[PDB]
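In: Experimental coordinates follow, after the sequence.
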Amino acid sequence: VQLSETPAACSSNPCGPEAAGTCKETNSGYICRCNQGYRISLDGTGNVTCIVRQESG
């Protein structure tokens, strides 16, 4: 959620763009909900990010 200056957690674009996946601040910090055609991936450092599944599935 975009607070004002830094959205916090979503401030680094965890799931990338909105079209890729939406981020929600949770107990653990944040989670990523990828849209139809995208998937969850840990990008090397274990960060929860959203990547393309292929195109639209």
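Out: Noted; the coordinates are in hand. Numbering: from 1, shown residues only.
In: When you work out contacts or count neighbours from here on, use the C-alpha atoms and nothing else.
Out: OK.
In: if you go through this protein in chain order, where are the strands?
Out: Listed in chain order, the strands of the chain (DSSP state E) span 21-24, 31-34, 38-42, 48-52.
In: Quick one: closest of those strands to residue 14.
Out: When these are compared by CA to CA, strand 48-52 sits nearest residue 14, at 5.0 Å.
In: now for that closest one, which elements pack on it?
Out: Helices and strands touching strand 48-52, by 3 or more CA pairs under 8 Å, 6 or more residues apart in numbering; DSSP states H and E, are strand 31-34, strand 38-42.
In: just how off-centre is it within its chain?
Out: Its chain's C-alpha centre and that of strand 48-52 lie 6 Å apart, by CA atoms, centre = their mean, to the nearest Å.
In: That strand relative to strand 38-42, how many degrees between them?
Out: Angle of strand 48-52 versus strand 38-42, following axes from the mean of the first three to the mean of the last three CA atoms, to 10 degrees, is 140 degrees.
In: Just send the strands of the chain back as a markdown table, with distance to residue 6 and mean neighbour count too.
Out: A markdown table is the format used below for these (distance: least, CA to CA, whole Å; neighbours: other CA atoms under 10 Å):
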| stretch | distance to residue 6 | mean neighbour count |
| --- | --- | --- |
| strand 21-24 | 14 | 21 |
| strand 31-34 | 17 | 21 |
| strand 38-42 | 22 | 17 |
| strand 48-52 | 18 | 21 |
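In: Same list as before, those that is, but in JSON lines and with distance to residue 5 included.
Out: What follows is the strands of the chain, written out as JSON lines (distance: least, CA to CA, whole Å):
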{"stretch": "strand 21-24", "distance to residue 5": "17"}
{"stretch": "strand 31-34", "distance to residue 5": "20"}
{"stretch": "strand 38-42", "distance to residue 5": "26"}
{"stretch": "strand 48-52", "distance to residue 5": "21"}
